[PDB]
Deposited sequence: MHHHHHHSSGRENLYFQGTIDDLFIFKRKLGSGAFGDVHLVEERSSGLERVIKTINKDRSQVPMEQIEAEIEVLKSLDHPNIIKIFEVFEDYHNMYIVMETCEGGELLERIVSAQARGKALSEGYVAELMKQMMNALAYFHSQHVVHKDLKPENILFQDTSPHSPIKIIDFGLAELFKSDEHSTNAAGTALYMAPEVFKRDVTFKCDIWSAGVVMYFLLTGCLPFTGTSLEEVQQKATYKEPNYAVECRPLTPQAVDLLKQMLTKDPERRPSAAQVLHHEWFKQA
């Protein structure tokens, strides 16, 4: 199906939200006047054939879940692809964590449990659809609105391996460093988010990429510097260095901590 015109005739590109590989834009649809977000994928950097990319995006679009970002339409011209998505208005999960440490307080186990409930439900769903996110972190989790009880929405599903420092590895499972990419790395990254939400600290910090990865590979994270036992138990489960013994998304949901 071809459209008579270009993206500019379909959308008013209002502002650049970011860039990677390709820009992210706040957008208005010309026909309905409805606000959207467009992620532009420059097909230039495609170091893998577009057939495996067209398919991988096709399945991300099929992801229908209240805590996964909604993609409406995917458009393509000669140079680049345009992923048209719903707009989130409540900012990144990172802002809620940063505002917590700045205000000199903590996030409740109850509030965090509820947030993890939405997150793991999303992970359970897209893992069923055989998707691995590969880049889960607070800046890739958005609030739909600005209310305290705003639901969560996972964005920026990882496609980087198909386009080829210290801060990047902070959420990376130890096995990923050996190029073993499995859905179980999502569980690890989710667990790091959880640790971060509950303590205000990251479990494996460092001045370099190597420090982070060696620390995450061999050291158990500090638990002392104020969590409940059932919270720690689930964390110790989600942060098991060995992917084989790390639980799936469905089994995390069945933990005592969500009670």
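- Numbering the deposited sequence from 1, one finds several regions with no C-alpha coordinates, namely 1-13, 34, 179-185, 247-249, 284-285.
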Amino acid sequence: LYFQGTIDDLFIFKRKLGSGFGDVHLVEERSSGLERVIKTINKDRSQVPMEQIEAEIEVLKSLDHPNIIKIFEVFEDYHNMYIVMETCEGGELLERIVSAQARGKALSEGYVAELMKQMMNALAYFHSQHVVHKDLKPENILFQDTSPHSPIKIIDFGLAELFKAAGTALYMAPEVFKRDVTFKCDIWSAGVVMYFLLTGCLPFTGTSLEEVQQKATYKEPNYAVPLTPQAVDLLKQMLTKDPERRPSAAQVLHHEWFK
From here on, numbers count along this sequence of modelled residues.
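- Taking the mean C-alpha B-factor of each stretch as recorded, 25-33 and 61-69 are not equal, and the higher mean is that of 25-33.
- Between the stretches 186-194 and 45-53, it is 45-53 that shows the larger average CA temperature factor.
- In the PDB entry, the Cα temperature factor peaks, among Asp145, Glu114, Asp156, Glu161, at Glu161.
- Per the deposited record, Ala165 carries the highest C-alpha B-factor of all listed residues (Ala165, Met120, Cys88, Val84).
- In this PDB entry, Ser208 carries a Cα temperature factor that places it within the middle third of its chain's modelled residues.
- Sort the modelled residues of the chain by CA B factor and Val232 lands in the lowest third.
- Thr40: CA B factor lies in the highest third for its chain, per the PDB record.
- Sort the modelled residues of the chain by CA B factor and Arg96 lands in the lowest third.
- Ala106 sits in the lowest third of its chain by CA B factor, as recorded in the PDB entry.
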